[PDB]
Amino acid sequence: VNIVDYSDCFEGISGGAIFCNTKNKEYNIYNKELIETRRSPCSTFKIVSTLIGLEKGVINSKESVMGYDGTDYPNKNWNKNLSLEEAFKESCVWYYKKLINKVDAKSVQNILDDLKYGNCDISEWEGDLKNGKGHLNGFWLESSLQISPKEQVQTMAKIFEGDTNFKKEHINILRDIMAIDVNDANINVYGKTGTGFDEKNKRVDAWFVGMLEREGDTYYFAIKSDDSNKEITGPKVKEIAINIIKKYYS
């Protein structure tokens, strides 16, 4: 377990990082206190909810659709019968809300418990209704479910090392749709951003969680900001993560 200084890459933004290679159990940690602190996963939960939907047969493949009903949304790309692959990359809220609401709460509870997914607290199934966004809410978006960056890495590793009961075919669908292009063909990067604002503490929850493969070695990682600046988003934290990968993991 190595404590490291990645502050140079964070360019003044408050956050932490954890990279884990489970082959040689090398844990690299920047800001250990933050890395151990549970927060809402926000849209990073789509990694797990995709697998839930696949396992329960709500969806079947990266082409699978959820039956768009014509509702008007400001994001162009949400206004169509988009596939799993597109809904994942566009973080289409209605697609993933419809998906999870076809699954009974006990099945979700048991999968989160099996994955050790943070506090596994789905008690506020409907999410943070006080923000006014109604059905564009859920337990995973600044609501009851909370997970630490370290626990995210532990979950990612369990899934992608094949230590869960999720089907290999379903894991590979997730892998496909999480693949990122980082303009470096000598590393494969996979991940998902998340963005939320913690109203209680007046800080962002900005995430980039995923994995990294470079010549036989795989690193599971989670980068997380808790800055008080609302301009700090998951996309911004993904930039930071990419800088760290290019600097230290090439």
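Quick note: we count residues from 1 along the sequence shown, nothing fancier.
- A summary of the deposited B-factors shows that, of 191-199 and 45-53, the stretch with the larger mean C-alpha value is 191-199.
- Checked against the record, the higher mean CA B factor of 36-44 and 214-222 lies with 214-222.
- Sorting the modelled residues of the chain by their CA temperature factor places residue 172 in the middle third.
- Per-chain ranking of the deposited C-alpha B factor places residue 153 in the lowest third.
- Per the PDB record, residue ranking by Cα B-factor puts residue 163 in the highest third of the chain.
- When all modelled residues of the chain are sorted by CA temperature factor, residue 29 is found within the highest third.
- Split the chain's modelled residues into thirds by C-alpha temperature factor. Residue 130 is in the middle one.
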